[PDB]
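Presented below, as structure tokens, is a lone chain in the form deposited in one PDB entry.
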């Protein structure tokens, strides 16, 4: 019995120093935290994309203003994800192909669809599209962002006022160093540069101590595994099985690099690009003077040399001189994220391809659930079981959503895209698609107030993947309901007054397009 006195974090990556900062802040003055980190071969900064709650749920919790960490991490702004060439056959190219008299792209923006007479705007859009009253795509009809993103507009005016929900693009290595300084200098976290040599467990299977290569022994009451894919504690020591979920996600490898960019000549894109490839997809994360890019592919349909060739040719890079990072990740999650006195945080717990910018979210979302379910020395099993339940739902819901990107793509030109259609959706995901086809919303938000959504982590965590996200991806790829929502035929006044709702989006599209500065213009004044 007694409270947790000492906490040992194994691993000093991005997740490791987020755990040290979050736990150091949450338990300030009531727990001694030590982080074990061994020097590894450093890698390139291939870029990271995030979601709006990174500020409200993480940096706000630490008490760090957005401007403070943005300037020290050379971060850019992210307004949406631009899905390129997901509906047209062809090689992997950065240029959008032609589809129905226009470029093959669609946006997944932040925020929530507006409610009109208790019904999301998506249902009103499809009702018009189904009956031939409109041909405008879903994203351009219901969101104001696509128009200003086509012109690389900034999410904030020169006076600082924000006109849309946005996230950030940055190099994870810089944020890790920023949080390393914050945790050690402000929160009293102890940093130890050593390599784990032996993990000693007791008769109950719990971790007793960790011995390093130099002979130092570190004991604690609670151990946090941030060692990445290796899982030194949760997998190696605790012997907890890892659940491979490649029966839903075929991608398991990646080739990534960083490419210099002339922001003065071309501006900066306020969005992440997800460019469909022949055996996967390639991300593009614009930053300051450069952009990170990585080809996520499936080793079952493309060899590493084929992926390196495809990746370099699309960006006009020299495969013999370009610095490249070749990665082979494990897709899935542990059977239990928390076992005994060992809590897994980061890629040691779970991993999925960064198609929807969930990597960093998984860290501080798990850290949020860890503090909410924080135990004492008795390690109450109810706290551990409920934490493991939240983590498995957080990941499995994301896994199902990511699979829908490939499962519902109309492409059939390569074995990769054809095989994705041969996989089976999870029962929870298949039920969601059944609702969608019936004209229902999928996890409709309780309110269309984005400030409440992104300002209340509990409100968002219970409704992380909401109707707005599903319609952006499903309707963007071409999946639409079999027929309009049957209740709209009983709402003649609602379907008539909705004209002003679509007109309001058109007016904001025109006004913001004409008045907003470019992202490059704002970044220049922002970053000095």
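Numbering follows the first chain given and starts at 1. Between two forms, the rigid core is the largest collection of C-alphas that superpose within 1.5 Å.
Quick check: by Cα RMS after rigid core superposition, does 108-116 or 81-89 differ more from this form in 4 other deposited structures of this protein?
Stretch with the higher C-alpha RMS distance in 4 other deposited structures of this protein: 108-116.
Between the two ranges 220-228 and 191-199, the one averaging a larger CA B factor in the entry:
Result of the comparison: 191-199.
Mean CA B-factor: is it higher for 423-431 or for 345-353?
Taking the mean C-alpha B-factor of 423-431 and of 345-353, the larger value falls to 423-431.
Could you say which of 164, 403, 293, 235 has its CA atom at the highest B factor, as listed in the PDB entry?
Most elevated C-alpha B-factor of the set, per the entry: 164.
For the listed residues 474, 44, 54, 31, which one has the largest C-alpha B-factor as given in the deposited model?
44 has the highest C-alpha B-factor of those listed.
Among the modelled residues of this chain, does the Cα B factor of residue 4 put it in the lowest, middle or highest third?
For residue 4, whose C-alpha B-factor we compare with every modelled residue in the chain, the answer is the middle third.
Lowest, middle or highest third of the chain for the C-alpha temperature factor of residue 104?
CA B-factor rank for residue 104: highest third.
Chain thirds of CA B-factor: placement of residue 151:
For residue 151, whose C-alpha B-factor we compare with every modelled residue in the chain, the answer is the highest third.
In terms of the chain's CA B-factor thirds, is residue 478 lowest, middle or highest?
Lowest third of the chain for residue 478's C-alpha B-factor.
Report the third (lowest, middle or highest) to which the CA temperature factor of residue 380 belongs, ranking only the modelled residues of the same chain.
Its C-alpha B-factor belongs to the lowest third of this chain's values.
The protein also exists as the form deposited with a small molecule bound; that form is not presented, and the subsequent description refers to it.
Of the options 499, 40, 67, 482, which one has a non-hydrogen atom that comes within 4.5 Å of the small molecule in the deposited complex?
Only one option qualifies, and that one is 40.
Answer with one of 342, 183, 113, 285: the residue that has a non-hydrogen atom within 4.5 Å of the small molecule in the deposited complex.
Of the candidates 342, 183, 113, 285, 285 is the one lying within 4.5 Å of the small molecule in the deposited complex.
Although the small molecule is absent from this view, report whether residue 298 comes within 4.5 Å of it in the deposited complex, heavy atoms only.
Output for residue 298 is no: heavy atoms all beyond 4.5 Å of the small molecule.
Quick check on residue 449: any heavy atom within 4.5 Å of the small molecule in the deposited complex?
No, residue 449 stays farther than 4.5 Å from the small molecule in the deposited complex.
I'd like to know if residue 270 sits close to the small molecule in the deposited complex, meaning any non-hydrogen atom pair within 4.5 angstroms.
So residue 270 does not count as contacting the small molecule.
Is residue 230 close enough to the small molecule in the deposited complex to count, meaning some heavy atom within 4.5 Å?
So residue 230 counts as contacting the small molecule.
Are all three of 20, 34 and 188 close to the small molecule in the deposited complex, meaning a heavy atom of each within 4.5 Å?
No residue of the spot touches the small molecule in the deposited complex.
Listed range touching the small molecule, judged in the deposited complex by heavy atoms within 4.5 Å, from 59-67, 26-34, 490-498, 46-54:
That would be 46-54.
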